[PDB]
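Encoded as structure tokens, the structure appears first; notes follow it.
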Amino acid sequence: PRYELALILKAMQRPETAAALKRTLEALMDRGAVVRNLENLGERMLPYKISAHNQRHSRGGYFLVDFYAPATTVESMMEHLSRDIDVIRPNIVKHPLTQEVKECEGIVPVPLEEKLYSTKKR
Amino acid sequence: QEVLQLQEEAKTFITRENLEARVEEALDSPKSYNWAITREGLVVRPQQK
Amino acid sequence: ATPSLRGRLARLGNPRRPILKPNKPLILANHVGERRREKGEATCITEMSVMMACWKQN
Amino acid sequence: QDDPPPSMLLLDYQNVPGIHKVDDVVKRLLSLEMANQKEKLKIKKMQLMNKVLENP
Amino acid sequence: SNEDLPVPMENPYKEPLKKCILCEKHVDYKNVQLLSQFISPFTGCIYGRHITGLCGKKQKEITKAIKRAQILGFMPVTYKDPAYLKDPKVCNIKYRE
Amino acid sequence: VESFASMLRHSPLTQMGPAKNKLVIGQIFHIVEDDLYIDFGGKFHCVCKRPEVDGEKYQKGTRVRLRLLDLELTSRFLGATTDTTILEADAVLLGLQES
Amino acid sequence: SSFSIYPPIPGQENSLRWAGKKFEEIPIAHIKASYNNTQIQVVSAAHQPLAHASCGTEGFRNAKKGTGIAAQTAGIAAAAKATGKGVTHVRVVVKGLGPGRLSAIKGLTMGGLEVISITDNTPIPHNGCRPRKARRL
Amino acid sequence: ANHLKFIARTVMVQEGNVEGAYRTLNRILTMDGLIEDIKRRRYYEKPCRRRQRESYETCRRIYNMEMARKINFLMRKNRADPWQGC
RNA sequence: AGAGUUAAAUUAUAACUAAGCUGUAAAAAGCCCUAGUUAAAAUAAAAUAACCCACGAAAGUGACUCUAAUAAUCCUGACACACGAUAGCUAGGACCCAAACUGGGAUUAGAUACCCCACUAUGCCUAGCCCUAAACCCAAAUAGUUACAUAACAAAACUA
Ligand SMILES: [Mg+2]
Ligand SMILES: [Mg+2]
Ligand SMILES: [Mg+2]
Ligand SMILES: [Mg+2]
Ligand SMILES: [Mg+2]
Ligand SMILES: [Mg+2]
Ligand SMILES: [Mg+2]
Ligand SMILES: [Mg+2]
Ligand SMILES: [Mg+2]
Ligand SMILES: [Mg+2]
Ligand SMILES: [Mg+2]
Ligand SMILES: [Mg+2]
Ligand SMILES: [Mg+2]
Ligand SMILES: [Mg+2]
Ligand SMILES: [Mg+2]
Ligand SMILES: [Mg+2]
Ligand SMILES: [Mg+2]
Ligand SMILES: [Mg+2]
Ligand SMILES: [Mg+2]
Ligand SMILES: [Zn+2]
């Protein structure tokens with residue numbers, strides 16, 4: 001997976017939410033995207049009140065869209081999602097599953113530094 | 001191995017047809033990425049609630 | 001644990017630039033310091049204010 | 001200015017067998033379409049070293 | 001021709017190296033629980049190494065993750081989310097004495 | 001005749017390897033009020049506190065059981081050329097020579 | 001006895017009442033403690049001002065009103081005017097780090113008023129506006 | 001401001017004793033440096049002054065740490081001496 | 001280097017409530033179109049992490065996201081070429097807050113200072129200049145050695 005779209009949607013009923021998700025996904029496929037998956041993180045009360053589109057929002061729905069897109073297009077998508085009034089806040093991140101975990105082999109302990117000063121007898 | 005891997009993954013992707021279905025499906029199944037650790041280096045998961 | 005001393009000070013070998021500029025050399029002295037006597041503050045001020053309110057009233 | 005075509009199927013995936021039999025989608029994810037800029041640079045490097053040189 | 005002389009082998013007794021609680025885990029900005037473990041409940045501050053006790057790599061990772069999750073709107077900045085208060089305490093700080 | 005190498009290879013201290021967490025037998029050659037100065041036979045004596053259970057059973061010449069932590073307590077400190085020897089060993093007094 | 005230092009989140013079922021009210025329904029005593037002065041205002045949970053007392057309101061003057069004695073006096077005065085409007089309990093919010101912090105708090109206690117929670121909200125910029133220059137160049 | 005009120009930097013008083021509660025609070029704030037930062041931000045400190053302060057503080061910490069370490073390492077030998085008047 | 005974004009403050013601005021608020025070692029002057037609480041754009045700046053020691057040639061760089069990207073099969077080398085903190089200059093835009101200047105208030109023998117209040121150039125953005133710093137880690141670059149050997153102090157001594 002290449003990009004990860006973190007989507008925070010206005011908290012709404014079933015049909016309208018499905019609607020927004022649909023037109024958003026379409027909007028993605030239109031900029032040339034291939035959508036791998038859609039996940040739902042549920043609706044929660046937001047960490048802090050978010051002001052967007054002349055509305056101050058308390059709650060919201062959370063979604064992940066993993067997808068492949070040409071490098072060029074991210075900006076484009078962003079623009080779109082900015083002017084959508086049903087989106088509380090967009091973000092697009094290089095997918096966490098592209099970066100792979102190197103091995104902590106342990107903690108190499110650091111010896112106390114030596115020869116910082118001369119052998120002078122005070 | 002990589003080409004065949006993606007060959008398999010590709011079967012699952014969302015397309016113009018799968019749109020309504022996969023959307024209505026994902027609306028039904030909340031997932032959590034949440035987990036905690038213990039001082040021992042052990043993973044603790046919430047789903048046991 | 002002690003904050004690392006590696007690559008911190010300016011030395012002829014060291015590749016990078018100084019982090020710590022020690023005022024006096026870091027060497028453990030053979031004595032410690034003398035405890036700093038506590039700064040005194042006014043005592044009984046609460047009971048005083050109570051008494052002064054009592055007086056102003058009566 | 002040269003043009004390393006959007007479908008050109010990036011350098012590491014060109015010599016793996018039976019690639020062209022794969023469906024359009026996977027072929028597209030391995031295209032210079034979904035690629036980085038550094039991929040186009042790998043390709044350009046290869047093409048140039050082949051055009052110009054004797055022993056690539 | 002003495003066979004009782006020592007052999008130039010590496011140390012057999014040498015212990016394994018100790019590990020950050022997270023050595024070969026994956027820190028993800030998306031999970032607010034693991035992150036808010038390393039935050040001060042009352043303030044929302046991020047604890048340092050001397051507190052969390054991590055390899056530099058993982059202290060970095062936790063930090064970057066926390067910041068990202070904070071601005072993307074996953075996790076609150078000024079306090080630990082109450083929901084996560086009673087989770088396991090891995091940090092070495094004692095406020096109440 | 002025995003080569004020094006031969007002796008060293010087979011000696012009980014060589015057999016022990018790393019001195020951490022080792023069960024050792026040691027003898028009390030000196031006493032101060034609560035302090036038992038114990039020669040366990042390696043190099044330095046260790047010093048243990050007299051336990052509350054059977055306190056008077058510990059006397060000069062008594063034998064005891066120890067858990068050895070460190071053969072010699074030593075560390076290097078800020079701005080020093082060599083380490084700092086406490087001229088002791090580090091041990092835990094378990095009980096006395098169950099027999 | 002299980003006692004949590006942490007307060008009662010609103011969405012929780014948690015039952016604790018002071019004179020029957022929820023933690024949220026309790027009035028709030030705002031104490032602004034600044035180096036030259038201390039202001040106290042008791043307010044409804046609905047943010048309707050009940051009572052106002054300050055070290056200036058209390059008839060001190062310039063330097064004098066900085067001190068902790070003055071803060072205590074203002075705290076007592078505030079608690080009086082507030083209990084006059086019948087507030088039994090209060091949640092303290094302390095804004096600022098100054099001479100009159102603790103004095104004004106226990107001056108609220110001394111003034112016949114009950115403190116349940118004590119919060120510190122002190123402005124802490126994560127680097128906003130540059131503050132004025134240091135004294136003694 | 002946009003966060004929920006009363007969840008942070010808040011202590012509940014126990015059994016009506018306010019002084020101990022405030023003490024707990026102040027210990028919290030001091031623990032997290034919040035007090036030192038409140039105090040330091042009253043006047044602007046120019047970046048080089050800051051840099052200097054940080055370097056000095058770290059040196060100080062290194063020395064204190066190391067001294068406390070030699071203290072606790074040497075603490076055993078404070079016992080009454082065996083060989084007195086040898 | 002681009003483009004997009006904003007958590008904590010702060011402020012225009014209302015709504016209640018209070019007559020004071022601000023300011024010092026202490027006051028005065030200032031402000032009461034003020035103050036506390038509840039609402040809030042723009043602007044600017046980037047707590048904690050950082051007890052870390054990374055990136056860049058240096059200057060520099062530590063809120064978030066993405067795009068682009070960190071010369072040389074790696075000796076030295078200019079007056080040639082390209083950069084270069086802060087301040088400063090030109091033109092347009094921004095202005096929360098800070099603040100040379102200046103005007104008030106104290107202080108003082110004086111006070112064209114230190115302390116207090118107010119406000120400006122300026123700090124910010126775009127484009128172009130200017131080319132200096134205790135631009136100092138006062139330690140040239142590249143390879144090495146720990147041999148001989150302490151002017152003093154400091155960051156030990158040396159070879160090519
Ligand atoms: Mg460098
Ligand atoms: Mg000096
Ligand atoms: Mg000067
Ligand atoms: Mg620009
Ligand atoms: Mg804000
Ligand atoms: Mg404006
Ligand atoms: Mg006046
Ligand atoms: Mg910040
Ligand atoms: Mg290079
Ligand atoms: Mg050269
Ligand atoms: Mg310049
Ligand atoms: Mg201009
Ligand atoms: Mg201006
Ligand atoms: Mg000013
Ligand atoms: Mg004047
Ligand atoms: Mg300029
Ligand atoms: Mg410099
Ligand atoms: Mg020079
Ligand atoms: Mg040179
Ligand atoms: Zn690790």
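Values as computed for the structure displayed
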read-out	value
Global form of the range G:64-107, assessed from the alpha-carbon gyration tensor, a/c cut-off 1.5	oblate
14 Å beta-carbon shell around B:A21, net charge (K/R +1, D/E -1)	-2
Value of relative contact order over chain G, rounded to a whole percent, pairs C-alpha under 8 Å and six or more apart	23 percent
Low-density loop positions, trypsin sites (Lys or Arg not before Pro), the range G:51-96 - DSSP coil, at most 14 other Cβ in 10 Å	G:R61, G:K85
Neighbourhood net charge (14 Å Cβ-Cβ; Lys/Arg +1, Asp/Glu -1) for A:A20	-1
Cut-off of 10 Å, at most 10 other beta carbons, DSSP loop: longest stretch of chain F lacking such GluC sites (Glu not before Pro)	F:53-97
Charge dipole (debye, nearest 20) of the protein assembly as shown; +1 at Cβ of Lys and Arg, -1 at Cβ of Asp and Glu	3860 debye
Contact order normalised by residue count of the range E:38-97, Cα under 8 Å, 6+ apart, percent	44 percent
Neighbour net charge for D:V52 - beta-carbon separation under 15 angstrom, K R +1, D E -1	+1
Chain G: C-alpha gyration tensor shape, a/c 1.5 cut-off, then a/b vs b/c	oblate
Efficiency of FRET from Cβ geometry, E:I71 and H:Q52, R₀ 35 Å, rounded to 0.05	0.65
Student exercise, chain B dipole from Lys, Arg, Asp, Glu Cβ charges, in Debye to nearest 20	360 debye
Separation between Cα centres of the range A:89-118 and the range E:1-45, rounded to whole Å	12 Å
Cα gyration tensor, the protein assembly as shown - rounded (a/c under 1.5), prolate or oblate	oblate
³J(HN,Hα) computed for each position of the range G:122-129 - Karplus, 6.51 cos²θ - 1.76 cosθ + 1.60, integer Hz, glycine/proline x	10, x, 10, x, 8, 6, x, 3
Potential lengthening between F:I31 and F:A5 on full extension [0.36 nm per residue; Cα-Cα distance subtracted]	5.7 nm
Links that overshoot a 25 Å alpha carbon limit, given the list A:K49/E:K25; G:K21/G:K106; D:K44/E:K60	A:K49/E:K25; D:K44/E:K60
Per-residue average of Cβ from other chains inside 10 Å of B:3-12	5
Using a Förster distance of 45 Å, the FRET efficiency for H:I38-C:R16 (Cβ separation, nearest 0.05)	0.85
Euclidean distance of C-alpha centroids, chain C and chain B, integer Å	53 Å
Between the range A:3-33 and the range F:38-59, the Cα center-to-center distance that results, in Å	75 Å
Given 16 as the ceiling on other Cβ atoms within 10 Å, longest exposed-site-free region of chain H for GluC sites (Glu not before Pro) in DSSP loops	H:46-86
Unpartnered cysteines - no second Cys beta carbon under 4.7 Å - across chain E	E:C45, E:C91
Shielding of H:69-77 by partner chains, average beta-carbon count, 10 Å	4
Residue among A:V35, G:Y35, A:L5 farthest towards the positive dipole end of the protein assembly as shown, charges placed on Cβ	G:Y35
Cleavage-rule hits (trypsin sites (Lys or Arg not before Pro)) in the range G:7-46: DSSP loop, at most 16 neighbouring Cβ within 10 angstrom	G:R17, G:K22
In the range A:47-122, the GluC sites (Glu not before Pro) that fall in loop regions by DSSP, at most 14 other Cβ within 10 Å	A:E100, A:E103, A:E105, A:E114
Sites excluded, trypsin sites (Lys or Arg not before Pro) in DSSP loops with at most 15 other C-beta within 10 Å, longest stretch of chain F	F:77-99
Residue-by-residue Karplus 3J(HN,Hα) for the range D:18-24, coefficients 6.51, -1.76, 1.60, Hz, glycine and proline x	x, 5, 6, 7, 5, 5, 3
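Readers should treat all values here as calculations from the given coordinates under stated rules, not as data from a laboratory. Note: ideal-geometry Cβ built from the backbone for every residue, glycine included; neighbour counts use all protein chains shown.
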